[PDB]
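Letter by letter, the chains look like this.
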Amino acid sequence: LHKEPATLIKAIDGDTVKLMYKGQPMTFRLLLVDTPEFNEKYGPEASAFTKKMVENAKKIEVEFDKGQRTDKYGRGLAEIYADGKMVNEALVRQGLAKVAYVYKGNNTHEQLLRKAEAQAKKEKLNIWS
Ligand SMILES: Cc1cn([C@H]2C[C@H](OP(=O)(O)O)[C@@H](COP(=O)(O)O)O2)c(=O)[nH]c1=O
Ligand SMILES: [Ca+2]
């Protein structure tokens, strides 16, 4: 795939972020993960983790996969990178996201994310405790 520039507009929760992409506002939903909603257990913690990651990054990049680029809600379906670090893998590896929502086309980093999940699970992190 190929990484593309974007600028942060605002953090939203663990797996959604509003970015400026191609000069336009756009809500992005992280591919291949599911963070708790804010009102749920580890919701505030996943929200804060993502917010930290995007806000402290000098460089935000987005990466579409080979399947669908936008969801039914108009949300961009991407890997988000913060100074080269994938936010999707970061959450899973700390047990703040479960691997979930695996569609054909958009599963390039599925096995990468699953690896991080086992590791969080063995370490009994957050969600897995
Ligand atoms: C992650 C992801 C979610 N979705 C849709 C399906 C789910 O629909 P429903 O809202 O009808 O359940 C919803 C889950 O996102 P949230 O986890 O943000 O709610 O977003 C996709 O279509 N493709 C995707 O890659
Ligand atoms: Ca969610």
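Asker: Any details on the layout of surface pockets? Residues and values, ideally.
Answerer: It is a probe the size of a water molecule, rolled over the atoms, that shows where empty space is left. Of the pockets and cavities examined, the largest pocket occupies roughly 470 Å³. In terms of lining residues, the largest pocket is bounded by 19 residues, among which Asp71, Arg75, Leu77, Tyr101 and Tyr103 are the most central. Looking at the lining of the largest pocket residue by residue, the classes come out as seven nonpolar, three polar and nine charged.

Asker: Before we move on, can you summarise helix 1 (residues 43-56) with the specific residues and values?
Answerer: Under the 1.5 Å per step criterion, the end-to-end length of helix 1 is 20 Å for 14 residues, consistent within 8% with the ideal 20 Å. What helix 1 keeps buried is the set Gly43, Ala46, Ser47, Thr50, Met53 and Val54. Buried residues of helix 1 fall within an arc of 135 degrees about the axis and therefore sit on the same side. Here the buried face of helix 1 lies against strand 1 (4-13), strand 2 (16-21), strand 5 (60-64), strand 6 (76-82), strand 7 (85-86) and helix 2 (87-93).

Asker: Could you give me a rundown of the nonpolar core, with the residues and numbers involved?
Answerer: Of all hydrophobic cores here, the largest spans 33 residues; its most connected members are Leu19, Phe28, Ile60, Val62, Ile80, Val87 and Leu91. Broken down by secondary-structure element, the contributors of at least two residues to this core are strand 2, strand 3 (24-30), helix 1, strand 5, strand 6, helix 2 and helix 3 (110-122). Ranked by residue count, the leading element in this core is strand 6, at five residues. Among residues more than four places away in sequence, those in contact with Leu19 are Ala6, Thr7, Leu8, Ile9, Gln24, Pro25, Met26, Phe28, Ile60, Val62 and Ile80.

Asker: Can you tell me about the side chain of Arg29, naming the residues and giving the values?
Answerer: In this structure, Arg29 sits in strand 3. Using a relative accessible area of 9% as the deciding quantity, one classes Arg29 as buried. Excluding residues within four positions of it along the chain, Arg29 makes contact with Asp15, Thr16, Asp34, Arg75, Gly76, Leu77, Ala78 and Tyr101.

Here is what the cut-offs are and how they apply
Residues numbered from 1 in each chain as written, not as in the entry; some residues may be left out. Chains lettered and ligands numbered in written order. Heavy atoms only, no water. 1 Å grid on protein atoms, 1.4 Å probe; cavity = no way out; pocket = protein on both sides within 12 Å on 5 of 7 lines; lining within 4 Å. Points joined across faces, edges and corners; volume = space filled by probe spheres on them. Nonpolar A, V, L, I, M, F, W, Y, C, P; charged D, E, K, R; others polar. Helix = DSSP H or I, 4+ residues; strand = E, 2+ residues; numbered from the N terminus. Expected span 1.5 Å × (residues − 1). Buried < 20%, exposed > 50% of the residue type's maximum accessible area, 1.4 Å probe, protein only. Arc of directions from axis to C-beta. Contact = heavy atoms within 4.5 Å. Core = buried A, V, L, I, M, F, W, Y, C linked by side-chain atoms within 4.5 Å.

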